[PDB]
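Note sheet for the following structure.
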Amino acid sequence: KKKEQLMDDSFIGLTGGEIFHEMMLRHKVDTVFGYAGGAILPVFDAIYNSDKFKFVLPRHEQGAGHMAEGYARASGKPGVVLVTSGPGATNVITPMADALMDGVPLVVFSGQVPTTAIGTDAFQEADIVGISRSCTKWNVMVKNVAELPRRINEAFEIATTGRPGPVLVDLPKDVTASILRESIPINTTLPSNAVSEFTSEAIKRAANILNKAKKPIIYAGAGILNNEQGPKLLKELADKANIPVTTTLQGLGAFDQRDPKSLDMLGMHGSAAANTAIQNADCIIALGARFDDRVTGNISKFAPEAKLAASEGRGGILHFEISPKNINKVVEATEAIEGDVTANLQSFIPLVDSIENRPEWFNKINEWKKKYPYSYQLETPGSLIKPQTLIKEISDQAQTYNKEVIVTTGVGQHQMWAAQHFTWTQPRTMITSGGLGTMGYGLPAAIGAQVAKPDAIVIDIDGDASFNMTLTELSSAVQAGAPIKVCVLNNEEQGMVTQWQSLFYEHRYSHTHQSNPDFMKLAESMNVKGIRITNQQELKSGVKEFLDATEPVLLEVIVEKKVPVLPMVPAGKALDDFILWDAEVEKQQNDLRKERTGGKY
Amino acid sequence: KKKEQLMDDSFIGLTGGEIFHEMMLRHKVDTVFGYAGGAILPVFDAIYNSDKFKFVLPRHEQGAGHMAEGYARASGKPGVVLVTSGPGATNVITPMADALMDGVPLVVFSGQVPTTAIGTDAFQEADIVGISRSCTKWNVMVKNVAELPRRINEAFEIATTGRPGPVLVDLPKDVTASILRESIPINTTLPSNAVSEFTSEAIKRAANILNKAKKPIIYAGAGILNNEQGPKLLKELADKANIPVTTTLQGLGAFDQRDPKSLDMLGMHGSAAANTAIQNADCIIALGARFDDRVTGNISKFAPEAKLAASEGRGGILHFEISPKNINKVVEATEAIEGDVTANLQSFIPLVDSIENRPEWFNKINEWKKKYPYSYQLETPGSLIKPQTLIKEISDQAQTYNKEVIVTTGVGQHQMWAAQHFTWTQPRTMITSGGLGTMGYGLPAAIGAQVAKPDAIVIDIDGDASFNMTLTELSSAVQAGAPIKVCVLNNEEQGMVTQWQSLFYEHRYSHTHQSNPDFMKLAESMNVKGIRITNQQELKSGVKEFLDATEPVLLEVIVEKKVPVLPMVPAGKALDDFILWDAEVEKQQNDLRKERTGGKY
Amino acid sequence: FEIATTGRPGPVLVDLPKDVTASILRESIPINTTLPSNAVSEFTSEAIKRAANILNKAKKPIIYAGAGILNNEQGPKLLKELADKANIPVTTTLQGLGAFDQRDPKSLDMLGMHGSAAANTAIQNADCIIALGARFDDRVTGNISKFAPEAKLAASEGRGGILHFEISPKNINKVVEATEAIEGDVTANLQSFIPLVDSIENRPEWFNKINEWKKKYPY
Ligand SMILES: Cc1cc2nc3c(=O)[nH]c(=O)nc-3n(C[C@H](O)[C@H](O)[C@H](O)COP(=O)(O)OP(=O)(O)OC[C@H]3O[C@@H](n4cnc5c(N)ncnc54)[C@H](O)[C@@H]3O)c2cc1C
Ligand SMILES: Cc1cc2nc3c(=O)[nH]c(=O)nc-3n(C[C@H](O)[C@H](O)[C@H](O)COP(=O)(O)OP(=O)(O)OC[C@H]3O[C@@H](n4cnc5c(N)ncnc54)[C@H](O)[C@@H]3O)c2cc1C
Ligand SMILES: Cc1cc2nc3c(=O)[nH]c(=O)nc-3n(C[C@H](O)[C@H](O)[C@H](O)COP(=O)(O)OP(=O)(O)OC[C@H]3O[C@@H](n4cnc5c(N)ncnc54)[C@H](O)[C@@H]3O)c2cc1C
Ligand SMILES: COc1cnc(OC)n2nc(NS(=O)(=O)c3c(OCC(F)F)cccc3C(F)(F)F)nc12
Ligand SMILES: COc1cnc(OC)n2nc(NS(=O)(=O)c3c(OCC(F)F)cccc3C(F)(F)F)nc12
Ligand SMILES: C/C(NCc1cnc(C)nc1N)=C(/S)CCOP(=O)([O-])OP(=O)([O-])O
Ligand SMILES: C/C(NCc1cnc(C)nc1N)=C(/S)CCOP(=O)([O-])OP(=O)([O-])O
Ligand SMILES: [K+]
Ligand SMILES: [K+]
Ligand SMILES: [Mg+2]
Ligand SMILES: [Mg+2]
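Chains as they are written, first to last, in the entry's author numbering: chain A, 75 to 267, 276 to 683; chain A', 75 to 267, 276 to 683; chain A'', 230 to 267, 276 to 456. A prime marks a further copy of an entry chain.
The structure is reproduced here in structure tokens:
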């Protein structure tokens, strides 16, 4: 009688495909991104005309992958991908690697050739379990239909726990076509569903360290976004102990940048005020951030004041991190607090002393913010639109709609300028490829985010070269009914690469100018509204038309070429050893570039 | 003095990037396909404005990969790819897997993060050596500049010997930026530069078997194309011993299909005459073909007459194969002849008896060819153009120019119809993704083939869904000056998948209808000539304008929807258990489809 | 434990970090994880019927039995029942030794590199080979292209061949092509096989050869 209670017969008679369908329902999947093919056909037949979730069809499986990423980052739910064997599966490798580097919960289901054909170099056979091993948290090949529910449960659990990340489940055609003939453990048919004394002591110790600090700073990242209460507790800590807050690129929106305590973004292209502050802080509170090499600058020269404080027992680095692999990986933590940062903050904050004022510290911070704004060369009569100005215009106008605003980007200068010049205020509103840094990410990510948030304004701030990578997915946006807003910053160059070529290779631009299509005729061919802004006098009204649109829309803006992103901490330099914008220096750079290229650039 | 003669000092003082450049020259590389990025910048600076080879810039690294494949298959030279780390490298995974499955010599050079940053989850770091291990013959990461020339030599050698295939060489940024300070063995600075008694005896034994055969057949594949004399010796053998010849998809063009001895293509969608002949042959001469599962049909039921003949010592299977892994992998060879098929044919043919006539065998063969043409439902008044007719029109008109004609394809029905209805006569004129079967292959492969053969007519016969995958590379064709000819068979469906859904899933079309852009406005946006054929009366003049064009051109043809590719040997059936076209059956299928879909399809 | 003991049995390894085994369980776990464990496909059933019809035609059958028959207590019993019913000589591998009573007149002893020349001669001349839980290892088959000529001829003429009872798909058609492959536990499949096999009283010609070979090929 007990055995009957622990076994389940309800799936008997169903195909593997039909069992897949049922398990999607039980895992509350409301959206699937995918593309059909021979090996995955039994699953596609099972989900035929399903009213249980929305299916989104891209033009390319890489599109499906990045869409699912955008969906996951906007919603906080795992992004589900369904593709066929061989090239269908190998086409998702870049999105999987992308999701691993940025901690994105992705569940990839790939069709596979029949088990009778595996290992024979069969039609459309790829060793995707072998290939994807390094770009997934975990993967598996299902070998019989009886274990399919269990493997699906395991995939979703692994993808969404610890540091979230991609998993892949390989589905042989004869398994998904086969019918379950036996009962299975009832726990495998259902999804899911205290603090260690060691961590509790670490938290108490961390509190005592912070209570001594005279120059504290919070360094917050993507981890704080993986709980709804995250930003709330971050604000509570900063308010109680009176601490300035800087964030990573992936942490943007975790803290209200309108708050006086906001130091904006830190790192290679972050605020020099933020970079100066972290180099001078005696206590660094790292909340869900991994000390990436775009953030720390030269590692041996990173955070000198905090390391000194640690040695003198009056400060140091307090690292709230969920993955042991990323604790003491780059920098030694004075105290490591393992687990979910939000949960641990609940225990941390009541032990932290309330502080009214920090006159000396905040005097320095206010002085640094004043002398280190995001300065750049403004428009002049007759000049092209400056890309920094464009971003500001979009940020100002977008904030006046009574809708949430979500931003995705491509990779390059436009991405950095978007990060710098938007005013970030809400969690999960910056959706950008940071770790892997995949060009082409912007458009499909926007589609995925728009599907997750149908009532949001979703803006893809894209580069012309990045947009070229995946522009076929415009048709996908129309077919999905996703009214995304794409803004292409057209500088007719791979700007981020030409910046480095100008700086380190004496203006030798080696293969960094790709030809662009006519973006207005392209938009027309894709059945998308097109807007082109070519001069300063069209900027305001053009951006308004862009944002007022109630349909998918592509905005092209002609912007100044050969303009560097500043500030910049060059590779190998300390975080406070930065290059700042200077008008006279820019003019000299222009003359030098003109001379060296014979007036071509 | 001897040591001075064996060491070389000539590269001392050069950066790794400059050494790469020199080694490309020494390997007679005339074309490089690639895309820049941070990790590979030292190499791009070294090849800046090089007049030693043509550089081709795609819009996407997958484009570079498939272009290099098309280049390699058209030219017989290795296709060289140059990309950056991370997403640049992961984007080449599908082309590498593609090249492995189809035996294409591909040399991929990928930038990598500095050695000081490897294994730290660095900016744009992917474990590409781990990821690409299953989709390359061999890969390596260069760890110091002194070993760079040797690794480049090894890569080219491995890629082009045995069964050709892809290799990857990983290039850390600090290695390519570093300068060679020491002498290296002089053999590493230069590229390169008898039959075993066992094989010789096998050849003699194989000859004696063929000299007994009463119903011989040649089964020829891609391997015969890997030597310039290949097709010549194939013809010499067939003529001398009077043997009918069938080829694989990848073998198309190895034998002049106008020859009476031609049995056309065999396999799942091959001629029923070819399939019948191989099932009844007492001796099968396999020349550079791997008995793939799209060719053999049900393996246990494959070649019954040849297996009987082997057991009775009067025939069997004679396998000329260069890779031991593919000998006795699928079917047992009666005699295995290891090595280059063309070289071994030179030893084989003089031992083979000359034969004047085979009255009985060729009477059967001629009868089979007569009753098994590639039949289909012809146009009727007012109907759309039939896709089979379109292919015939292009084949007939293309053959009247005084230029070589090279065909690339996408993947699906159009691919099979192209294979069936073109008349193949010349080697290396069918460039198609067969093993992996990658949609999106057609356009970039055409660009690569066109660059390899600037005086050739290059036609991409593409599907609408396949073309959507990589249509951004149209801009790439213009920028490269490659006057490719793209013909999109627009049936507004994933036809190959709907064929299987009609056949096995009762006309349940699950997510197999993607929306298409306006292909004429698309062509215009890409600065490409556009032609649209919508009815029967525009077919001839439209195809002529297509072929007469001296610029990149996109032709869209509206063709009949929901038409199956026939003949068809269903998966699991014997090669001679095929479905044939029948007019009445097609009509009944149409009525059934109409009823089941409520008149929607 | 499940993986080690199912399919073809084999080794598994479980790695146990010191701090895991020293740590204390503080949370409830699914009750199924706290307990160990605890029909024939139509495809296999048809293969079995087909295999029976092939054996019922055979004039020179031989059983080639290996370690697989030992992985069920009823294994040797069913092997003997089959051999007795259809009157078939039995040879075994090194790992199959003890599966068949070698005192039985139908015993051909061990085959292979150092096996009986009587067993080796018999398998090279048999028109039907019944492989029971054996993997055609290279110490057993001799030269693969020259292995079992009479059984391959019989298969081509539709009057015999190789009938392979094997639990692991990886070892089916790995070395030699099976005329019929019967997937699953050999003992369980024999229960379905034997009632379809015709009872045979004598094989005068075949057993005359076998007895002659045993006489001239002692150890
Ligand atoms: C062109 C370019 C320029 C760039 N320049 C910059 C720059 O100037 N500044 C900058 O900041 N970035 C920059 N980057 C991005 C950079 O590379 C990284 O992607 C980014 O800094 C990572 O931020 P993160 O640590 O907050 O997020 P992640 O990489 O996702 O790390 C989050 C950390 O928090 C942990 N974590 C996750 N969930 C939890 C939880 N629930 N509880 C506790 N811990 C958790 C994770 O395990 C991980 O260790 C740039 C990228 C590009 C493409
Ligand atoms: C939708 C679709 C349908 C298809 N249907 C068919 C079909 O009906 N018919 C068909 O034929 N194909 C079909 N295919 C293609 C099929 O999958 C294989 O790609 C193709 O049959 C392989 O042909 P091949 O053996 O000649 O080439 P390869 O796969 O390249 O094999 C060549 C063999 O020759 C060997 N070799 C290479 N060089 C030499 C040398 N110098 N000397 C000796 N040996 C050498 C190689 O090692 C290899 O074993 C289809 C593909 C698709 C996408
Ligand atoms: C010096 C030396 C000399 C040797 N010479 C010989 C020789 O002359 N003759 C000889 O026979 N061996 C010889 N061997 C041993 C030989 O190498 C192999 O180990 C042996 O032949 C394997 O026998 P086997 O196939 O029965 O067992 P296994 O290797 O264990 O194969 C058993 C097969 O049955 C399958 N199976 C397992 N369980 C089941 C089940 N429940 N139902 C169905 N199928 C199942 C397995 O998957 C496997 O395919 C020699 C070894 C040495 C060291
Ligand atoms: C050209 O072959 C196919 C074309 N289009 C297809 O669906 C749209 N399929 N679907 C299959 N399935 S298959 O034939 O059993 C098969 C396959 O068949 C093995 C044998 F049963 F023929 C081997 C490897 C892969 C596949 C795959 F992935 F395609 F399913 N083959 C094709
Ligand atoms: C945002 O960082 C870059 C943007 N654009 C670039 O070139 C177009 N590069 N180039 C680099 N080189 S890097 O800084 O030494 C570096 C890197 O730096 C390590 C340390 F020296 F900072 C770590 C991992 C990869 C790279 C890579 F691949 F980008 F070279 N970084 C960027
Ligand atoms: C080539 C390159 N980076 C290397 C590279 C190569 N390939 C891929 C898939 N991704 C990346 N990041 C950049 S950042 C160029 C970006 O050009 P852009 O899209 O027009 O943006 P912008 O000009 O504003 O810098
Ligand atoms: C989806 C699919 N195959 C599965 C698939 C999925 N994804 C990739 C990258 N490649 C393949 N082969 C086909 S063949 C559809 C082909 O549609 P088509 O390009 O319009 O050609 P056609 O309609 O003539 O069959
Ligand atoms: K800001
Ligand atoms: K033809
Ligand atoms: Mg740009
Ligand atoms: Mg189509």
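All C-beta atoms, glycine included, are put in the ideal place defined by N, C-alpha and C.
- Checking the 7 Å criterion, the Cβ of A171 of chain A' is out of range of every heavy atom belonging to ligand 7.
- If you check each beta-carbon in the stretch 240 to 260 of chain A against every beta-carbon of chain A'', the ones closer than 7 Å belong to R255, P259.
- When 8 Å is used as the limit between beta carbons, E414 of chain A'' is near these residues of chain A': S382, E414, in chain order.
- Shortest Cα-Cα distance from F601 of chain A to any of A:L556, A:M578, A:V645, A:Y591 involves A:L556.
- Rounded to whole angstroms, the Cβ separation of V117 of chain A and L156 of chain A is 7 Å, and the two are in contact under 8 Å.
- Ranked by Cα distance from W212 of chain A', the options A':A200, A':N227, A':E199 are led by A':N227.
- At least one beta carbon of chain A' lies nearer than 8 Å to the beta carbon of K389 of chain A''.
- Under the DSSP assignment, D346 of chain A falls in the beta strand (DSSP E) whose first and last residues are 344 to 347.
- Residue contact check for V579 of chain A' against chain A: a CB pair falls below 8 Å.
- Taking all protein chains shown into account, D83 of chain A' has fewer than 16 neighbouring C-beta atoms within 10 Å of its C-beta and is therefore exposed.
- Judged by DSSP in its simplified three-state form, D544 of chain A' adopts strand.
- Chain order gives the chain A' residues near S393 of chain A'' as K389, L390, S393, where near means a beta carbon separation below 7 Å.
- At a cut-off of 8 Å between beta carbons, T189 of chain A contacts chain A''.
- Nearest in C-alpha terms to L334 of chain A, of all of A:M98, A:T507, A:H595, A:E668, is A:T507.
- Straight-line measurement puts the Cα of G185 of chain A at about 10 Å from the Cα of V216 of chain A.
- Within chain A', the residues placing a beta-carbon under 8 Å from that of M551 of chain A are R133, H134, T554, ordered along the chain.
- Separation of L466 of chain A and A302 of chain A (C-alpha to C-alpha, rounded to the nearest whole angstrom) is 36 Å.
- Listed along chain A', the residues sitting closer than 9 Å to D600 of chain A by beta-carbon distance are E606, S607, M608, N609.
- Close to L80 of chain A, with beta-carbon spacing below 9 Å, are these residues of chain A'' in chain order: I260, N261, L264.
- Residue environment: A276 of chain A is assigned as exposed (fewer than 16 neighbouring CB atoms within 10 Å of its CB, all protein chains considered).
- In terms of Cβ geometry, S558 of chain A' and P132 of chain A' form a close pair [threshold 8 Å].
- For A276 of chain A, the closest Cβ of chain A'' is nearer than 8 Å.
- Interface flag for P432 of chain A'' against chain A is unset, since no Cβ pair is found closer than 8 Å.
- Secondary structure of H503 of chain A (DSSP, three-state): helix.
- Within its own chain, the residues whose Cβ lies closer than 8 Å to the Cβ of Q583 of chain A, once the five positions on either side in sequence are excluded, are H589, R590, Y591, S592, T594, listed in chain order.
- Straight-line measurement puts the Cα of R237 of chain A'' at about 9 Å from the Cα of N308 of chain A''.
- Contact annotation: in the stretch 140 to 164 of chain A, residues whose CB is within less than 7 Å of a CB in chain A' are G160, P161, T164.
- Boundaries of the alpha helix (DSSP H) harbouring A138 of chain A': 135 to 149, taken from the DSSP string.
- Within the same chain, Cβ atoms closer than 6 Å to the Cβ of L254 of chain A' are found at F85, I86, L88, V219, the five residues on either side in sequence being excluded.
- If you draw a 10 Å sphere on the C-beta of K622 of chain A, you find fewer than 16 other C-beta atoms in it, and that means exposed.
- DSSP assignment within the stretch 367 to 454 of chain A' yields the following whole alpha helix (DSSP H) runs of 4 residues or more, N-terminal first: 386 to 393, 423 to 430, 441 to 453.
- For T189 of chain A, the CB contacts under 8 Å within the same chain, skipping 5 residues up- and downstream, are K217, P246, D248, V249 in chain order.
- For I114 of chain A', same chain residues with a beta-carbon under 6 Å away, outside a window of 5 residues either side, are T158, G185 in chain order.
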